[PDB]
């Protein structure tokens, strides 16, 4: 299909300074009418509903939300809150754009919960241990993983079916999937982790119910310019591989950010923008979704910076990529 680039930046927050980013469309970049954040072309919903999860109180402690882990959650409360959140943020029932469900507190594959997601593994294990004090470590871990995955899948699958049922004309997908985990400490190469590739093969239950795949290809300053290209290369390749292996080959739209993930006050150099866009194109991507944080447009200076970047760096490259 036509390679599309979308504007998923909350620049509506710049309107107060008389900056409406009307130039976005001059570069053939798709933008919601009136520059609304959640609009007719695209809409991302952050942690919508009430997914069972363990929330950090920011003092070392946690607060359970709807059971803490999916195997202990109440699906009705989550789904009810999901429909509410969706209507409150963007009523439009005939919405026909790209719908992005952004939930990152845990992943449905037990093993894939590291860093701030790992607490969900530990809580799942503690539940089984308290239930079977006599069991050994292996038995407890196996049973915990089984329960977590069963219900994590149920929650994610039903949430997607509800989004599609109430916004039948939109293309839905979860932000970030399919994951790759390339350019990491013990896998500092473009190639995705092999175990991850295999787990992605077995996640058709999720991908078959999405109308788009949304891998995220944010780059970091701590990587060399070439490792940055490799990070993008591997992630687009994996999403395209996954799409090609599915029945309806959903379009692959890569989430991309104009600042470095580990240095958010620094914009990508022109070389990095050019090279990462070309890498998305070259590897079979169907488009790019330019994302932005509220922090990126919470001041006049920042908004003006963004505007110039668009007119002198980003826009030219964008239209050139789609109109070369």
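Residue numbers count along the first chain shown, from 1.
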Decide which of the stretches 53 to 61 and 39 to 47 has the higher mean C-alpha B-factor, going by the entry. 39 to 47
The stretch carrying the higher mean Cα B factor in the deposited entry, 117 to 125 or 166 to 174, is 166 to 174
Listed options 250, 91, 99, 73: highest C-alpha B factor recorded at 91
Per the PDB entry, which option out of 233, 221, 200, 187 has the greatest Cα B factor? 187
For residue 281, the third of its chain into which the C-alpha B factor falls: middle
By its CA B factor, does residue 111 count among the lowest, middle or highest third of the modelled residues in the chain? middle
For residue 140, return the chain-relative third of its C-alpha B-factor as stated in the PDB record: lowest, middle or highest. highest
In terms of the CA temperature factor given in the entry, to which third of its chain does residue 84 belong: lowest, middle or highest? highest
Based on the entry's values, in what third of the chain does the Cα temperature factor of residue 161 lie: lowest, middle or highest? middle
